[PDB]
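Below you'll find only one chain, the form deposited in one PDB entry, shown as structure tokens.
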């Protein structure tokens, strides 16, 4: 009955960097051809949304952020074939158009229609479905989930299991899938290996889940916040180290612990120095290091190419290397089948209008994932 009409609803608008989110009355346009309007049910607070606030991650402002979510389709634009009204869906911050060179490649997942490489903060058609007091508000990675309703391109939404618990499976829209995929698909962690995981937030915990599932014998968590260690150990870390405890660099510590370097290292923080440390701590001849952390805007790292010439492999990935539309439904089905657990990532559940409390919890170190419910 809202189909074909403007919806007036509340959304959390970020007007300016380094300011609180502002709960505003917005108008959400109806979906145009090949667009889907979604009623949000749950959205997760991911450190990448905080990067927008901090200016680490540049995207046009003002913006409705939020990219880790699950909802129900309220209506569909002309030509939509992959979802219908009433369907449970997860928005895909990495699209899967199915037609570009990457979508056709067996391994690649970074679809050329993504709004990550050179963010415009629009729909695919280069316009916005959001207005606040006459002013257009930017989209974020084609998702924009910090709103009661959003509009996404059909290539940026997957239908999921009609019985799935949206307050849990929203994590499959980013943090779980990124971390788990980084281990099982990108690194391809092997049985009996030694893994080091830098950063023990939601995404690093999911890296640990991935390494345990892949049969790693040793999984060393690294965090400057020792409060993170207990939960890292619960999901499979065999050991945890705090670099602040040591009078020498942690790559030397991890090299001695691993008897000459780890098989697999993961940077899951977003700092240039830990990207180089994670590479250095993997074994010089056959080690693999995966960058998961989003670096600070426009900054270059410095590294010695002899770390690679010896044999190391260095790679990164978006969304755990998962082809998003193909994988997100299968990951939900796997969750429904008890193949992995999401409750260990969820430390707080707040109503949407307490979003700023949700971000305060993240910034303080006290949360892993806060889920915002509608």
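Note that the rigid core is defined as the largest set of C-alphas that superpose within 1.5 Å between two forms. Residue numbers count along the first chain shown, from 1.
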- Which is higher on average in the deposited entry, the C-alpha temperature factors of 163-171 or of 285-293? 163-171
- Item | Residue stretch of maximal mean CA temperature factor, 230-238 vs 244-252 | 244-252
- Query: Which one, 124, 277, 194, 206, has the peak C-alpha temperature factor per the PDB entry?
  - Reply: 124
- Item | From 324, 54, 43, 313, residue of greatest CA B-factor | 54
- Using the B-factor values recorded in the entry, state whether the Cα atom of residue 33 falls in the lowest, middle or highest third among the modelled residues of its chain. highest
- Tertile call for residue 362 (CA temperature factor, within chain, third-based) is the middle
- Query: Can you tell me which third, lowest, middle or highest, the CA B-factor of residue 115 falls into for its chain?
  - Reply: middle
- Taking the entry's C-alpha B-factors for this chain, is residue 298 in the lowest, middle or highest third? highest
- Message: Looking at the temperature factor on the CA atom of residue 59, which third of the chain's modelled residues does it land in?
- Response: highest
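In what follows, reference is made to the form deposited in another entry, a form of this protein that is not presented.
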- Task: Pick out the one residue among 124, 148, 128, 258 whose C-alpha shifts by 2 Å or more between the shown form and the other one, once the rigid core is superposed.
- Result: 258
- Message: When the rigid core is used for the superposition, does residue 248 move between the shown form and the other one (threshold: C-alpha shift of 2 Å or more)?
- Response: yes
- Message: Does residue 165 shift between the shown form and the other one by 2 angstroms or more at the C-alpha, the core having been superposed?
- Response: no
- Quick one: core overlaid, is residue 77 moving 2 Å or more at the Cα between the shown form and the other one? no
